[PDB]
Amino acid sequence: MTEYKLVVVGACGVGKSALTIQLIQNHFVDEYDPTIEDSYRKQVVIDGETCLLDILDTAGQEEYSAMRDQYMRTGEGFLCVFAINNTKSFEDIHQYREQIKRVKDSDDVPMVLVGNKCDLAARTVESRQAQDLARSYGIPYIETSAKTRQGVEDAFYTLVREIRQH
């Protein structure tokens, strides 16, 4: 049975953990517990093909490249996550992508741009901006909320689809 190694990266507090737990446990974690490192494994069926999701939920804004380089080398696919009420997290995406490209030595790494917390009223990053960014990278953009489950399955399963179509 085929295994997919997915890594969820992005700045602090954007919802990387909430997204992953929502996918794995079908529950919203409303408590903020800054992550060190969390690994999850779950058997699912995607587009009729059965597979194992091996998901690494990383610490936001990792300070040490020796840590970061490990999971960027082993990951087959990357959810690059920002929060739509956090402009900084949006701009940070560029660095995460650059880092991944550098460790992989490639421009085409399976990746999905994820804008989380779409349930929030007061938004500071517009869809247009994120659509444009995604476009320029040549990857999908998925608006999500880990609170409501909007787009959660879409994000991860699309990432799997991108690895399959590499």
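So that there is no doubt, residue numbering starts at 1 and follows the sequence shown.
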State which stretch shows the higher mean Cα B factor in the entry: 52-60 or 101-109. 101-109
The stretch whose C-alpha atoms carry the larger average B-factor in the entry, 21-29 or 5-13, is 21-29
Please place residue 127 in the lowest, middle or highest third of its chain according to the CA B-factor in the PDB entry. middle
Can you work out whether the C-alpha temperature factor of residue 144 puts it in the lowest, middle or highest third of the chain? lowest
Going by the recorded CA B-factors, say which third of the chain residue 85 sits in, lowest, middle or highest. lowest
Relative to the other modelled residues of the same chain, rank the CA B-factor of residue 117 and answer lowest, middle or highest third. lowest
